[PDB]
Amino acid sequence: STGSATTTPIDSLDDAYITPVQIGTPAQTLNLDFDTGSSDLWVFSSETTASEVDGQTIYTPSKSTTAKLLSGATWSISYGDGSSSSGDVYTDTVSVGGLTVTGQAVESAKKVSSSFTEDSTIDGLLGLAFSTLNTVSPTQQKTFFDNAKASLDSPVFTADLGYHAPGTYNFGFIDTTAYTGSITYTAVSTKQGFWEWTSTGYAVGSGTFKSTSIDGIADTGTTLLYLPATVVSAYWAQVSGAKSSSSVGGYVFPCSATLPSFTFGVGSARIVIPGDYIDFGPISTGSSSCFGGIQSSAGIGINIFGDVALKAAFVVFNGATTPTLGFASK
Numbered sequence: 001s002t003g004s005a006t007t008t009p010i011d012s013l014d015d016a017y018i019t020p021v022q023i024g025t026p027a028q029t030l031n032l033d034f035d036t037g038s039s040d041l042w043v044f045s046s047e048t049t050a051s052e053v054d055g056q057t058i059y060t061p062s063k064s065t066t067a068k069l070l071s072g073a074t075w076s077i078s079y080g081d082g083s084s085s086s087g088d089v090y091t092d093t094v095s096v097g098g099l100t101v102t103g104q105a106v107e108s109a110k111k112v113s114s115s116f117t118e119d120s121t122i123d124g125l126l127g128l129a130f131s132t133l134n135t136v137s138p139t140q141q142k143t144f145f146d147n148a149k150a151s152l153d154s155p156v157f158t159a160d161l162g163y164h165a166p167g168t169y170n171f172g173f174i175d176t177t178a179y180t181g182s183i184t185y186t187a188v189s190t191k192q193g194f195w196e197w198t199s200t201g202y203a204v205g206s207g208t209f210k211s212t213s214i215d216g217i218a219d220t221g222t223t224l225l226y227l228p229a230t231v232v233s234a235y236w237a238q239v240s241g242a243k244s245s246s247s248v249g250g251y252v253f254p255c256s257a258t259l260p261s262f263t264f265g266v267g268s269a270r271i272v273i274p275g276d277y278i279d280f281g282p283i284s285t286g287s288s289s290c291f292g293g294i295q296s297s298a299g300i301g302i303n304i305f306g307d308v309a310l311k312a313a314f315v316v317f318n319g320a321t322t323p324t325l326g327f328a329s330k
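Going left to right, the sequence shown walks through residues 1 to 330 as the entry's author numbering numbers them.
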């Protein structure tokens with residue numbers, strides 16, 4: 001089997017991407033944030049504290065003839081950005097772009113933190129990291145990909161995120177028309193539960209490539225590109241007026257700037273992030289100070305190849321017995 005679904009930016013800055021997901025019988029379609037940095041599929045629901053719902057579409061398990069309460073199971077998750085959610089668990093039928101999993105754990109939120117409430121466009125998350133990170137207790141549950149894998153034509157999914165435009169998540173096949181050149185594959189460590197790999201280096205604009213190993217995670221659920229302070233300083237030094245602002249919470253730059261590109265290495269291959277992908281717009285409405293899309297990972301504890309990087313590539317998440325990651329230009 002295979003699946004193919006369109007993923008759409010939630011706003012004009014590509015702050016995140018939503019993908020429609022069918023849950024239950026009859027189908028209840030929710031727009032979920034597909035997150036290769038976590039491993040819970042959770043949704044706003046009829047059980048979510050009413051004051052914490054503000055415009056989201058909810059899953060109502062009592063209206064699904066295939067929903068079953070997973071007795072005694074609870075979940076609770078906290079994300080890198082400080083947001084969180086928790087609740088109980090159902091199993092139900094879940095379909096993504098024509099690919100159907102029966103008995104998928106659907107984690108129903110009883111509580112969500114303010115940032116989730118405040119974002120009306122995201123109805124929940126669909127985790128695509130390794131199931132070892134799943135938070136369901138006392139019996140850990142599998143991700144949608146893990147459940148689908150054996151049925152797929154090939155044990156892979158691909159992320160093709162657009163810049164200021166829709167893109168695609170495919171399951172079970174590689175669309176050879178969706179990229180240019182070849183896909184370069186690189187080793188993955190699953191030791192931390194992430195799609196963790198090592199970039200071979202970087203360049204800023206038309207500058208020379210610096211060969212240096214940068215361990216980090218391919219994380220579709222993180223908006224920006226978080227890299228070591230040395231790398232980030234080298235980037236922003238090429239932008240007149242750019243500075244790190246502790247009050248704003250990272251590098252800012254004059255909105256009048258033309259940003260340089262940023263290249264990262266995948267083995268001997270190179271992925272070029274155009275400068276415009278690095279512009280996240282005014283820090284506050286009407287400001288001429290703009291927020292940078294490349295930021296320091298210092299104090300995160302890990303480097304993160306988020307959407308800023310991933311959207312410059314066609315990315316293969318290869319879930320073979322030994323997982324790997326593939327990157328192609330597009």
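Cβ atoms here follow ideal geometry from the backbone N, Cα and C, with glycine treated the same way.
Residue from the options with nearest C-alpha to residue i
i: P274; options: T135, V308, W42 and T49; result: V308
i: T180; options: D153, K330 and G299; result: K330
i: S261; options: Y277, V248 and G267; result: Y277
i: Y202; options: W195, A269 and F194; result: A269
i: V106; options: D11, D153, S154 and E47; result: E47
i: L227; options: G293, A237, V188 and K110; result: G293
i: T100; options: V252, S151 and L125; result: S151
i: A109; options: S39, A178 and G124; result: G124
i: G250; options: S256, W236, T258 and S240; result: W236
i: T65; options: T57, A73 and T91; result: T91
i: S39; options: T135, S297 and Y17; result: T135
i: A159; options: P61, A320, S1 and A312; result: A312
Local conformation of residue i per DSSP, three classes
i: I278; result: helix
i: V188; result: coil
i: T230; result: helix
i: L13; result: coil
i: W195; result: coil
i: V308; result: helix
i: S4; result: strand
i: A298; result: coil
i: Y235; result: helix
i: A105; result: strand
i: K63; result: helix
i: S76; result: strand
Presumed contact (8 Å Cβ cut-off) between residue i and residue j, rounded CB distance
i: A148; j: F171; result: 6 Å
i: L161; j: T7; result: 7 Å
i: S199; j: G281; result: So it is not a contact: roughly 26 Å between Cβ atoms.
i: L325; j: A218; result: 6 Å
i: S86; j: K111; result: 5 Å
i: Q104; j: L41; result: 7 Å
i: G319; j: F145; result: 6 Å
For residue i: DSSP bridge partner residues
i: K243; result: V252
i: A203; result: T263
i: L224; result: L224 pairs with nothing; no bridge assigned.
i: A269; result: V266
i: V21; result: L30
i: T324; result: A187 and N318
* **Ranges of the beta strand (DSSP E) found wholly within the region 107–148, counting only runs of at least 3** => Secondary structure in the region 107–148: the beta strand (DSSP E) runs of 3 residues or longer, each lying completely within the stretch, are 124–127 in chain order.
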